[PDB]
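Source file data-v6.cif; content: mmCIF, C-alpha atoms; chains and numbers go by the auth columns.
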data_protein
loop_
_atom_site.group_PDB
_atom_site.id
_atom_site.type_symbol
_atom_site.label_atom_id
_atom_site.label_comp_id
_atom_site.label_asym_id
_atom_site.label_seq_id
_atom_site.Cartn_x
_atom_site.Cartn_y
_atom_site.Cartn_z
_atom_site.B_iso_or_equiv
_atom_site.auth_seq_id
_atom_site.auth_asym_id
ATOM 1 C CA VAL A 1 2.565 -16.011 19.897 0.00 968 A
ATOM 2 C CA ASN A 2 5.828 -14.166 20.461 0.00 969 A
ATOM 3 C CA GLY A 3 4.456 -10.697 19.781 0.00 970 A
ATOM 4 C CA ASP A 4 5.151 -7.850 17.379 0.00 971 A
ATOM 5 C CA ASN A 5 7.571 -6.247 19.838 0.00 972 A
ATOM 6 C CA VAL A 6 9.982 -9.191 19.604 0.00 973 A
ATOM 7 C CA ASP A 7 10.084 -9.819 15.845 0.00 974 A
ATOM 8 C CA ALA A 8 11.368 -6.304 15.142 0.00 975 A
ATOM 9 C CA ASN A 9 14.479 -7.441 17.040 0.00 976 A
ATOM 10 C CA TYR A 10 14.807 -10.361 14.598 0.00 977 A
ATOM 11 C CA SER A 11 15.577 -8.115 11.627 0.00 978 A
ATOM 12 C CA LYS A 12 19.043 -6.575 11.590 0.00 979 A
ATOM 13 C CA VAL A 13 19.710 -2.842 11.361 0.00 980 A
ATOM 14 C CA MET A 14 21.336 -2.350 7.978 0.00 981 A
ATOM 15 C CA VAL A 15 23.743 0.523 7.334 0.00 982 A
ATOM 16 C CA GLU A 16 22.874 2.946 4.555 0.00 983 A
ATOM 17 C CA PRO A 17 26.114 4.174 2.859 0.00 984 A
ATOM 18 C CA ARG A 18 27.109 7.806 2.315 0.00 985 A
ATOM 19 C CA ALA A 19 29.724 9.406 0.082 0.00 986 A
ATOM 20 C CA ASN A 20 33.229 9.833 1.434 0.00 987 A
ATOM 21 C CA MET A 21 34.502 12.789 -0.566 0.00 988 A
ATOM 22 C CA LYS A 22 38.087 13.183 0.534 0.00 989 A
ATOM 23 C CA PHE A 23 40.689 15.317 -1.089 0.00 990 A
ATOM 24 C CA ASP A 24 43.550 12.796 -1.391 0.00 991 A
ATOM 25 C CA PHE A 25 46.866 14.282 -2.242 0.00 992 A
ATOM 26 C CA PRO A 26 48.862 11.526 -4.050 0.00 993 A
ATOM 27 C CA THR A 27 49.924 8.842 -1.609 0.00 994 A
ATOM 28 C CA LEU A 28 53.453 9.475 -0.366 0.00 995 A
ATOM 29 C CA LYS A 29 55.546 6.322 -0.206 0.00 996 A
ATOM 30 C CA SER A 30 58.006 5.784 2.623 0.00 997 A
ATOM 31 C CA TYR A 31 61.575 6.967 2.144 0.00 998 A
ATOM 32 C CA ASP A 32 63.164 3.531 2.399 0.00 999 A
ATOM 33 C CA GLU A 33 60.600 2.428 -0.171 0.00 1000 A
ATOM 34 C CA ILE A 34 61.327 5.444 -2.363 0.00 1001 A
ATOM 35 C CA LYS A 35 64.956 4.420 -2.840 0.00 1002 A
ATOM 36 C CA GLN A 36 64.122 0.916 -4.016 0.00 1003 A
ATOM 37 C CA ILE A 37 62.108 2.503 -6.839 0.00 1004 A
ATOM 38 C CA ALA A 38 64.894 4.921 -7.712 0.00 1005 A
ATOM 39 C CA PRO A 39 68.484 3.873 -6.968 0.00 1006 A
ATOM 40 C CA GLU A 40 71.506 6.057 -6.208 0.00 1007 A
ATOM 41 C CA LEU A 41 70.115 9.384 -7.470 0.00 1008 A
ATOM 42 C CA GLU A 42 70.550 11.175 -4.106 0.00 1009 A
ATOM 43 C CA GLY A 43 71.931 14.699 -4.045 0.00 1010 A
ATOM 44 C CA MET A 44 72.361 14.976 -7.795 0.00 1011 A
ATOM 45 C CA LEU A 45 69.645 17.268 -9.127 0.00 1012 A
ATOM 46 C CA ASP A 46 69.525 20.833 -7.908 0.00 1013 A
ATOM 47 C CA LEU A 47 65.998 21.288 -6.609 0.00 1014 A
ATOM 48 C CA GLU A 48 65.945 25.029 -7.333 0.00 1015 A
ATOM 49 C CA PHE B 1 -13.227 -31.352 1.747 0.00 1444 B
ATOM 50 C CA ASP B 2 -14.151 -28.173 -0.094 0.00 1445 B
ATOM 51 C CA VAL B 3 -15.188 -25.788 2.697 0.00 1446 B
ATOM 52 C CA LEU B 4 -14.836 -25.968 6.466 0.00 1447 B
ATOM 53 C CA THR B 5 -16.609 -24.139 9.275 0.00 1448 B
ATOM 54 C CA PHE B 6 -14.708 -23.984 12.556 0.00 1449 B
ATOM 55 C CA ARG B 7 -17.072 -23.692 15.530 0.00 1450 B
ATOM 56 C CA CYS B 8 -14.581 -22.935 18.247 0.00 1451 B
ATOM 57 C CA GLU B 9 -14.281 -22.040 21.934 0.00 1452 B
ATOM 58 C CA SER B 10 -11.392 -20.504 23.857 0.00 1453 B
ATOM 59 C CA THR B 11 -10.183 -20.199 27.459 0.00 1454 B
ATOM 60 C CA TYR B 12 -7.670 -17.444 28.174 0.00 1455 B
ATOM 61 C CA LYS B 13 -5.672 -16.682 31.305 0.00 1456 B
ATOM 62 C CA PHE B 14 -3.846 -13.412 31.707 0.00 1457 B
ATOM 63 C CA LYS B 15 -0.466 -12.400 33.059 0.00 1458 B
ATOM 64 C CA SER B 16 -0.525 -8.673 32.309 0.00 1459 B
ATOM 65 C CA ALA B 17 -2.841 -6.152 30.693 0.00 1460 B
ATOM 66 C CA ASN B 18 -2.692 -7.615 27.187 0.00 1461 B
ATOM 67 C CA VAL B 19 -0.273 -10.560 27.362 0.00 1462 B
ATOM 68 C CA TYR B 20 -1.676 -14.016 28.022 0.00 1463 B
ATOM 69 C CA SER B 21 -0.446 -16.492 30.616 0.00 1464 B
ATOM 70 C CA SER B 22 -2.068 -19.487 28.947 0.00 1465 B
ATOM 71 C CA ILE B 23 -4.406 -20.173 26.044 0.00 1466 B
ATOM 72 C CA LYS B 24 -6.511 -23.286 25.582 0.00 1467 B
ATOM 73 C CA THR B 25 -8.340 -23.309 22.264 0.00 1468 B
ATOM 74 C CA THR B 26 -10.430 -26.352 21.377 0.00 1469 B
ATOM 75 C CA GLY B 27 -13.132 -26.704 18.789 0.00 1470 B
ATOM 76 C CA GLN B 28 -14.796 -28.779 16.138 0.00 1471 B
ATOM 77 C CA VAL B 29 -14.306 -28.527 12.401 0.00 1472 B
ATOM 78 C CA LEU B 30 -17.289 -29.214 10.177 0.00 1473 B
ATOM 79 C CA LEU B 31 -17.993 -30.261 6.590 0.00 1474 B
ATOM 80 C CA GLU B 32 -21.221 -29.782 4.672 0.00 1475 B
ATOM 81 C CA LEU B 33 -21.834 -32.785 2.432 0.00 1476 B
ATOM 82 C CA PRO B 34 -23.831 -32.491 -0.813 0.00 1477 B
ATOM 83 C CA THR B 35 -26.497 -34.648 0.858 0.00 1478 B
ATOM 84 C CA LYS B 36 -26.738 -31.939 3.589 0.00 1479 B
ATOM 85 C CA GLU B 37 -25.316 -34.225 6.290 0.00 1480 B
ATOM 86 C CA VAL B 38 -22.835 -32.624 8.680 0.00 1481 B
ATOM 87 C CA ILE B 39 -19.962 -34.893 9.730 0.00 1482 B
ATOM 88 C CA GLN B 40 -17.000 -33.712 11.801 0.00 1483 B
ATOM 89 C CA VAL B 41 -13.649 -33.980 10.006 0.00 1484 B
ATOM 90 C CA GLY B 42 -11.321 -33.364 12.952 0.00 1485 B
ATOM 91 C CA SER B 43 -10.581 -31.253 15.986 0.00 1486 B
ATOM 92 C CA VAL B 44 -8.600 -28.300 17.285 0.00 1487 B
ATOM 93 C CA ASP B 45 -6.173 -28.770 20.176 0.00 1488 B
ATOM 94 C CA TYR B 46 -4.065 -25.666 20.823 0.00 1489 B
ATOM 95 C CA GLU B 47 -2.346 -24.994 24.141 0.00 1490 B
ATOM 96 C CA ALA B 48 0.425 -22.517 24.893 0.00 1491 B
ATOM 97 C CA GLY B 49 1.897 -20.392 27.647 0.00 1492 B
ATOM 98 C CA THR B 50 3.100 -16.771 27.715 0.00 1493 B
ATOM 99 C CA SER B 51 1.616 -15.611 24.414 0.00 1494 B
ATOM 100 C CA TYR B 52 0.490 -12.288 22.970 0.00 1495 B
ATOM 101 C CA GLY B 53 -2.463 -13.401 20.854 0.00 1496 B
ATOM 102 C CA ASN B 54 -4.468 -16.399 19.805 0.00 1497 B
ATOM 103 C CA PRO B 55 -3.061 -18.014 16.628 0.00 1498 B
ATOM 104 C CA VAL B 56 -6.149 -20.090 15.906 0.00 1499 B
ATOM 105 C CA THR B 57 -8.433 -17.076 15.667 0.00 1500 B
ATOM 106 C CA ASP B 58 -5.868 -14.935 13.836 0.00 1501 B
ATOM 107 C CA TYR B 59 -5.560 -17.672 11.225 0.00 1502 B
ATOM 108 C CA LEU B 60 -9.333 -17.664 10.820 0.00 1503 B
ATOM 109 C CA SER B 61 -9.454 -13.865 10.873 0.00 1504 B
ATOM 110 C CA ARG B 62 -7.643 -13.536 7.545 0.00 1505 B
ATOM 111 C CA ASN B 63 -8.130 -16.875 5.749 0.00 1506 B
ATOM 112 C CA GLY B 64 -11.897 -17.113 6.058 0.00 1507 B
ATOM 113 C CA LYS B 65 -15.136 -15.217 6.530 0.00 1508 B
ATOM 114 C CA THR B 66 -17.248 -15.363 9.663 0.00 1509 B
ATOM 115 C CA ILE B 67 -20.613 -17.102 9.476 0.00 1510 B
ATOM 116 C CA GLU B 68 -22.533 -13.869 9.929 0.00 1511 B
ATOM 117 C CA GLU B 69 -26.108 -14.195 11.101 0.00 1512 B
ATOM 118 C CA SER B 70 -26.728 -10.628 12.281 0.00 1513 B
ATOM 119 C CA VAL B 71 -27.339 -9.183 8.809 0.00 1514 B
ATOM 120 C CA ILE B 72 -27.714 -5.428 9.060 0.00 1515 B
ATOM 121 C CA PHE B 73 -29.906 -3.321 6.775 0.00 1516 B
ATOM 122 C CA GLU B 74 -28.533 -0.497 4.668 0.00 1517 B
ATOM 123 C CA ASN B 75 -30.857 2.100 6.213 0.00 1518 B
ATOM 124 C CA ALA B 76 -32.442 1.371 9.577 0.00 1519 B
ATOM 125 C CA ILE B 77 -36.179 1.977 9.811 0.00 1520 B
ATOM 126 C CA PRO B 78 -37.714 3.652 12.882 0.00 1521 B
ATOM 127 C CA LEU B 79 -40.607 1.705 14.361 0.00 1522 B
ATOM 128 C CA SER B 80 -42.570 4.467 16.074 0.00 1523 B
ATOM 129 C CA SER B 81 -41.897 8.179 16.149 0.00 1524 B
ATOM 130 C CA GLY B 82 -43.024 11.052 18.334 0.00 1525 B
ATOM 131 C CA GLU B 83 -43.492 11.290 22.089 0.00 1526 B
ATOM 132 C CA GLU B 84 -45.433 8.242 22.404 0.00 1527 B
ATOM 133 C CA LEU B 85 -42.624 6.336 23.830 0.00 1528 B
#

Could I get this file's structure written as structure tokens?
Amino acid sequence: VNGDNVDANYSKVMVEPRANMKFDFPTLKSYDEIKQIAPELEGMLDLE
Amino acid sequence: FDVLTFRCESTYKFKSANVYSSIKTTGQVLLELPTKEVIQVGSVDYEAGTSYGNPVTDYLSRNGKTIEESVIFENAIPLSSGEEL
């Protein structure tokens, strides 16, 4: 009755997934968060 | 009932080239008894507007065979040959 042109619009268009190869350097925390993890260690080690 | 023959008639009205504006499909359904008496079991009463096909015939197109009377031979035989005709 309603036709084969309409019932194709009854099924939904599904999304196939792809891969999402990123590189992902390790996630840098924020600096105010980085000093709750490590307390008063600032300016003590020589970085060289 | 074991088997049913649907002897049916249709009345179409159009709205475009292959859409229908209205369909009226009536008909009689038939049962063959073992004593060869044919008694009607019921009726068809279909009526719709703005359709794209007839449901009654499309149901019978797949779920049953047509009562075929024009039985065609495997190889057709010519009656007369030459120039006679």

Please identify every residue of chain B that has at least one atom no farther than 9 Å from an atom of chain A, counting all atoms listed in the file, and for each give the shortest atom pair and the distance in Å to one decimal, arranged by chain then increasing number, as CSV.
residue,atom,partner,partner_atom,distance
B:1462,CA,A:970,CA,8.9
B:1491,CA,A:968,CA,8.5
B:1492,CA,A:968,CA,8.9
B:1493,CA,A:968,CA,7.9
B:1494,CA,A:968,CA,4.6
B:1495,CA,A:968,CA,5.3
B:1496,CA,A:968,CA,5.7
B:1497,CA,A:968,CA,7.0
B:1498,CA,A:968,CA,6.8

Residues returned when the PyMOL selection byres ((chain B and resi 1483) around 8) runs on this file, as a ChimeraX atom specification: /B:1471-1474,1481-1482,1484-1485

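Between CA of residue 1454 in chain B and CA of residue 1468 in chain B the separation is 6.3 Å.
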
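Going from CA of residue 1452 in chain B over to CA of residue 1488 in chain B, you cover 10.7 Å.
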
Around all the atoms of range 1490-1504 of chain B listed in the file, draw an axis-aligned box and extend it by 4 Å on each of the six sides; I want its centre and edge lengths in Å to one decimal, as lines of an AutoDock Vina configuration file.
center_x = -3.2
center_y = -18.6
center_z = 19.3
size_x = 20.6
size_y = 20.7
size_z = 24.9

Residue IDs satisfying the PyMOL selection byres ((chain B and resi 1505-1521) around 10), as a PyMOL selection string: chain B and resi 1446-1450+1500-1504+1522-1524

For CA of residue 973 in chain A and CA of residue 1461 in chain B, the interatomic separation in Å (one decimal): 14.9 Å

Minimum-distance residue to residue 1469 in chain B, chosen among B:1528, B:1499, B:1445, B:1487 (using all atoms listed in the file):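 The closest residue to residue 1469 in chain B is B:1487.
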
Can you complete the atoms of range 973-989 of chain A to N, CA, C and O atoms and list them as a PDB file, keeping the file's coordinate frame?
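New file part_30.pdb:
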ATOM      1  N   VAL A 973       8.779  -8.365  19.622  1.00  0.00           N
ATOM      2  CA  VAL A 973       9.982  -9.191  19.604  1.00  0.00           C
ATOM      3  C   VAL A 973      10.528  -9.319  18.183  1.00  0.00           C
ATOM      4  O   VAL A 973      11.743  -9.250  17.961  1.00  0.00           O
ATOM      5  N   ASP A 974       9.638  -9.455  17.191  1.00  0.00           N
ATOM      6  CA  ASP A 974      10.084  -9.819  15.845  1.00  0.00           C
ATOM      7  C   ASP A 974      10.751  -8.649  15.123  1.00  0.00           C
ATOM      8  O   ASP A 974      11.411  -8.840  14.095  1.00  0.00           O
ATOM      9  N   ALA A 975      10.592  -7.430  15.648  1.00  0.00           N
ATOM     10  CA  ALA A 975      11.368  -6.304  15.142  1.00  0.00           C
ATOM     11  C   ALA A 975      12.836  -6.441  15.519  1.00  0.00           C
ATOM     12  O   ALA A 975      13.716  -5.922  14.823  1.00  0.00           O
ATOM     13  N   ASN A 976      13.119  -7.141  16.618  1.00  0.00           N
ATOM     14  CA  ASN A 976      14.479  -7.441  17.040  1.00  0.00           C
ATOM     15  C   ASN A 976      15.045  -8.677  16.351  1.00  0.00           C
ATOM     16  O   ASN A 976      16.164  -9.093  16.671  1.00  0.00           O
ATOM     17  N   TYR A 977      14.300  -9.273  15.422  1.00  0.00           N
ATOM     18  CA  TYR A 977      14.807 -10.361  14.598  1.00  0.00           C
ATOM     19  C   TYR A 977      15.453  -9.849  13.322  1.00  0.00           C
ATOM     20  O   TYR A 977      16.439 -10.435  12.862  1.00  0.00           O
ATOM     21  N   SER A 978      14.925  -8.776  12.742  1.00  0.00           N
ATOM     22  CA  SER A 978      15.577  -8.115  11.627  1.00  0.00           C
ATOM     23  C   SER A 978      16.784  -7.328  12.121  1.00  0.00           C
ATOM     24  O   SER A 978      16.796  -6.789  13.230  1.00  0.00           O
ATOM     25  N   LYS A 979      17.804  -7.264  11.276  1.00  0.00           N
ATOM     26  CA  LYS A 979      19.043  -6.575  11.590  1.00  0.00           C
ATOM     27  C   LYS A 979      18.970  -5.141  11.086  1.00  0.00           C
ATOM     28  O   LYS A 979      18.298  -4.859  10.090  1.00  0.00           O
ATOM     29  N   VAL A 980      19.645  -4.235  11.786  1.00  0.00           N
ATOM     30  CA  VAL A 980      19.710  -2.842  11.361  1.00  0.00           C
ATOM     31  C   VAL A 980      20.788  -2.711  10.295  1.00  0.00           C
ATOM     32  O   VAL A 980      21.983  -2.802  10.590  1.00  0.00           O
ATOM     33  N   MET A 981      20.372  -2.521   9.050  1.00  0.00           N
ATOM     34  CA  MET A 981      21.336  -2.350   7.978  1.00  0.00           C
ATOM     35  C   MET A 981      21.869  -0.925   7.967  1.00  0.00           C
ATOM     36  O   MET A 981      21.220   0.009   8.443  1.00  0.00           O
ATOM     37  N   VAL A 982      23.064  -0.762   7.409  1.00  0.00           N
ATOM     38  CA  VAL A 982      23.743   0.523   7.334  1.00  0.00           C
ATOM     39  C   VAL A 982      23.565   1.043   5.921  1.00  0.00           C
ATOM     40  O   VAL A 982      24.004   0.406   4.958  1.00  0.00           O
ATOM     41  N   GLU A 983      22.908   2.177   5.790  1.00  0.00           N
ATOM     42  CA  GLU A 983      22.874   2.946   4.555  1.00  0.00           C
ATOM     43  C   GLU A 983      24.287   3.449   4.262  1.00  0.00           C
ATOM     44  O   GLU A 983      25.025   3.749   5.185  1.00  0.00           O
ATOM     45  N   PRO A 984      24.828   3.487   3.052  1.00  0.00           N
ATOM     46  CA  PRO A 984      26.114   4.174   2.859  1.00  0.00           C
ATOM     47  C   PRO A 984      25.984   5.615   2.389  1.00  0.00           C
ATOM     48  O   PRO A 984      25.020   5.989   1.720  1.00  0.00           O
ATOM     49  N   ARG A 985      26.976   6.426   2.762  1.00  0.00           N
ATOM     50  CA  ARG A 985      27.109   7.806   2.315  1.00  0.00           C
ATOM     51  C   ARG A 985      28.319   7.925   1.401  1.00  0.00           C
ATOM     52  O   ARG A 985      29.084   6.969   1.254  1.00  0.00           O
ATOM     53  N   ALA A 986      28.499   9.106   0.810  1.00  0.00           N
ATOM     54  CA  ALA A 986      29.724   9.406   0.082  1.00  0.00           C
ATOM     55  C   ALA A 986      30.824   9.840   1.032  1.00  0.00           C
ATOM     56  O   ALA A 986      30.573  10.424   2.082  1.00  0.00           O
ATOM     57  N   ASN A 987      32.052   9.587   0.628  1.00  0.00           N
ATOM     58  CA  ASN A 987      33.229   9.833   1.434  1.00  0.00           C
ATOM     59  C   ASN A 987      34.181  10.664   0.577  1.00  0.00           C
ATOM     60  O   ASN A 987      35.302  10.241   0.299  1.00  0.00           O
ATOM     61  N   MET A 988      33.668  11.786   0.074  1.00  0.00           N
ATOM     62  CA  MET A 988      34.502  12.789  -0.566  1.00  0.00           C
ATOM     63  C   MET A 988      35.669  13.187   0.320  1.00  0.00           C
ATOM     64  O   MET A 988      35.508  13.861   1.335  1.00  0.00           O
ATOM     65  N   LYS A 989      36.850  12.771  -0.087  1.00  0.00           N
ATOM     66  CA  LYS A 989      38.087  13.183   0.534  1.00  0.00           C
ATOM     67  C   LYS A 989      38.778  14.116  -0.441  1.00  0.00           C
ATOM     68  O   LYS A 989      38.246  14.438  -1.506  1.00  0.00           O
TER      69      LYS A 989
END
